[PDB]
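Coordinate-derived values only; no laboratory data. Every residue, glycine as well, gets a Cβ built from its backbone with ideal geometry; the counts of neighbours run over all protein chains shown.
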Amino acid sequence: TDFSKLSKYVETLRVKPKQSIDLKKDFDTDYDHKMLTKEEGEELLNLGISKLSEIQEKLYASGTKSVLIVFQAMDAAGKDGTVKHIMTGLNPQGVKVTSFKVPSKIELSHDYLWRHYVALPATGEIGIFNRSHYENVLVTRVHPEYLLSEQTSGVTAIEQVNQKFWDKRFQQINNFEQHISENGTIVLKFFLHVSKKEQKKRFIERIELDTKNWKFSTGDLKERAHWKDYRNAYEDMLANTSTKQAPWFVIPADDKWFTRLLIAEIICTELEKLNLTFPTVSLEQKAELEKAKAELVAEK
Ligand SMILES: Nc1nc(=O)c2ncn([C@@H]3O[C@H](COP(=O)(O)OP(=O)(O)OP(=O)(O)OP(=O)(O)O)[C@@H](O)[C@H]3O)c2[nH]1
């Protein structure tokens, strides 16, 4: 197999600007078995990694563009695993992961974007965000009371948190992603879409295996109970912050190998639009390289 069948499926995963979203209805969380096999995918996935390494190697040397890659997802979605697998084939000098956590005091003394702007990737580098500024329209939207404890949010009472407030954030975010898009950054955003069913399965597997037992937090359940509120926030974000510049992609997360294949595939596709090449050796340089070979060969 090859990428022929998949390539049309991928197009559906892109979120078109301002198209309405029904996550339960429209977007699946498991792969259709009629498309590919787990074995076929593992082979293509492997091509994806090697091809992504070539791109990264050319991106580093070209030093013209940076790449920002966002991963947003519910707990047990497979973010960390996805990040890890994608970075296994890359060179660690041109790639940084930043796994954003609950803000620090210093971070809350700044606008909510500041800690993200600070962590942006440089020319020739790939930055990966395991969670992002989009947390400020997700967990914060499910729990508006947090806003009261962010001095910079400008939210003094809970009643001033309305759809106009989130529209204003979408705009802020969109302006942010537009400015960096206009200044060298290729932004790609992935929503790893895991279903309640598979989340419950993974949560239990985590709770039964001693290797993962110690790690499991019970607060993850508090957020599962707000599934519907999270679905509302995701759907609204997706509709208002996916652009042709900074597109969102909804990726099914119930089958991990398949999640990893799609993401690898989409990153390659989007970065191939840059037409990256290794630098060419001029005649002058080729002559210098050949003088050096001669010197080495003519050693006592
Ligand atoms: N209030 C607040 N404001 C913010 O700006 C912000 N940014 C991030 N976060 C919170 O940091 C927590 C990150 O901790 P975590 O439980 O270690 O998340 P993961 O390990 O990636 O899930 P996992 O189960 O390991 O997922 P995978 O298996 O897919 O890796 C999450 O609850 C986020 O809501 C924020 N909270």
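Cut-off is 10 Å between beta-carbons; in what order do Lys201, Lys189 appear when sorted fewest neighbours first?
In order of increasing Cβ crowding within 10 Å: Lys201, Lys189.
Dipole of the chain computed with +1 at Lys/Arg Cβ and -1 at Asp/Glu Cβ about the Cα centre; of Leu192, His33, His143, farthest Cα towards the positive end is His143. Exposed loop sites were defined as GluC sites (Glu not before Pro) in DSSP loop states (anything but H, G, I, E or B) carrying at most 12 other C-beta atoms within 10 Å; in the chain the longest segment without such a site runs 1-181. Using R₀ = 30 Å, calculate the FRET efficiency as 1/(1 + (r/R₀)^6) where r is the Cβ-Cβ separation of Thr152 and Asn213; round to 0.05. The value I calculate is 0.20.
The slack in the chain from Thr269 to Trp227, taken as 0.36 nm per residue of separation less the alpha-carbon distance, amounts to 11.9 nm. The range 1-50 and the range 250-300 have Cα centres separated by 26 Å. Derived scalar couplings between HN and Hα for the range 22-31 equal 10, 5, 5, 7, 7, 10, 6, 10, 10, 6 Hz in order, rounded to whole Hz, by the Karplus curve 6.51 cos²θ - 1.76 cosθ + 1.60 (θ = phi - 60°), x for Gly and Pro. Extending 7 Å from the Cα toward the beta-carbon at both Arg14 and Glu182 defines two label points whose distance is 2.2 nm.
Would you give the gap between the C-alpha center of the range 61-103 and the C-alpha center of the range 168-203, rounded to a whole Å? Measuring centre to centre over Cα atoms gives 13 Å. Put +1 on the Cβ of each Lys and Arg and -1 on the Cβ of each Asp and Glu in the chain; which of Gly48, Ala233, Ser66 then has its Cα farthest toward the positive end of the dipole? So the residue furthest toward the plus end is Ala233.
So if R0 is 51 Å, what FRET efficiency would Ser50 and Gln160 give, r being the distance between their Cβ atoms, rounded to the nearest 0.05? Working from the Cβ atoms, E equals 0.50.
Computed about the Cα centre, the dipole magnitude for the chain is approximately 500 debye when only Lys and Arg (+1) and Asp and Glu (-1) carry charge, each at its Cβ.
Full-extension gain between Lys96 and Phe203, please, as 0.36 nm times their residue separation minus the C-alpha to C-alpha distance.
35.7 nm
Between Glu299 and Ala122, the FRET efficiency from the beta-carbon distance, with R0 = 41 Å, is close to 0.55.
The count of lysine pairs in the range 11-124 whose Cα atoms are under 22 Å apart, excluding pairs fewer than 8 places apart on the same chain, comes to 19.
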